[PDB]
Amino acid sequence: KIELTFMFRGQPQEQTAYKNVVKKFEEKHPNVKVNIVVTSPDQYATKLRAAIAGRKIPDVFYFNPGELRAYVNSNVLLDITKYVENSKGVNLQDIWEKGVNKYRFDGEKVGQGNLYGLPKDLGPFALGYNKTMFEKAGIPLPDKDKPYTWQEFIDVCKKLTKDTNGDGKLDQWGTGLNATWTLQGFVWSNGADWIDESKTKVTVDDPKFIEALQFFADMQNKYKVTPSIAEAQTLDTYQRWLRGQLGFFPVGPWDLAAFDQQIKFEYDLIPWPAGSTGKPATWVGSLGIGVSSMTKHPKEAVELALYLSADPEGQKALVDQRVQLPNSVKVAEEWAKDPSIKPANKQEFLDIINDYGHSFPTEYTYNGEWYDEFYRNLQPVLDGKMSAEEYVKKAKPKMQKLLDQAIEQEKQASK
């Protein structure tokens, strides 16, 4: 009888995981058929915006929490409050509250009110270290609790940076962080942010922001605890991490499957290094699972979303397949305490969610074009061809205009 379109994004391992779980779902609901539309993480936002622009919207789909408000105003998302209430036994309250609450909207704020999506997951971005090269080097292991200072972090990265096969060429580096996904921690840890408290002013020219930005770039260009620009060009640092060439690199729970398959060294999680604030910082990501407000099959569509987001047996298969941590708080707590399941300090993930993880800036803004503009022309700063001070001075009014326009578009689309 019922056919359903499901679009989402994922790295190869994530795609395989969700397809198997949709197949479990179909077995449990033999009158529902799910046609899948899946993309790479990169190509995803463009395709969804084209589907929405043409009002050819999938029954069920992934979406950015920072688009909730705009999606609601434009009538993109079905209000699913009652379909989830009347579901069998499902207890959304067992799910992470910061997760579920990203997809609530009472007409004026995102804190409370009706449900317009379910959280796919929470994605704490932890720091990982290669325990195998640390030991082989004779370097004391990092503290599981007490974060490196920036200076300390650079020191160890230096000791980890060397020519190990004695051919005269460096073949191992302390680290190689990707600014797109790892600059936030340093900014936030240094007491800065992309925007102010009100979330209406751009603050990337705060001296604290500049200092963190400069420190990030300097680890490739000045401290040289990084493969060179050319070397990174030859093989990106993600890949070099997988190959065992890097001391440190981030780890999200969506990595665990890929890492099971490729990483041969022992590795574990630690807090991110801390800037002036003394406190570690990093992000906790999330994607929403929403339902087309114009789906012909709201009941069944909500049923597919619930199965992926909260259903005990649907959650279980996704965690088994190592592409996320459990959405149920209590389950994740016993998951984090289970020693048979690597890495050892899985607990760090939860620590990031409860204590020292933050949201992306765009989650507070009506759209994120202002933020995308910061990263669009950032590469010359990363490659040392201009300072952090002069890029952010040049780029701040560009991104204040975009932010002003986003605030204006939310007045206009919501009245």
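Each residue number is its position in the shown sequence, starting from 1.
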Between 31-39 and 342-350, which has the higher average C-alpha B-factor in the PDB entry? 31-39
Going by the entry, of stretches 377-385 and 22-30 the one with greater average Cα B-factor is 22-30
From the list 118, 323, 294, 317, select the residue with the highest C-alpha B factor recorded in the entry. 294
So among 146, 201, 222, 159, who wins on Cα B-factor in the entry? 146
Pull the Cα B-factor of residue 113 out of the PDB entry and bin it into the chain's lowest, middle or highest third. highest
Classify residue 403 as lowest, middle or highest third according to the C-alpha B-factor given in the PDB entry, relative to its own chain. lowest
Check where residue 65 lands among this chain's C-alpha B-factors and tell me if it's the lowest, middle or highest third. highest
Name the third of the chain's ranked CA B-factors that contains residue 45, choosing lowest, middle or highest. lowest
Taking the entry's C-alpha B-factors for this chain, is residue 337 in the lowest, middle or highest third? middle
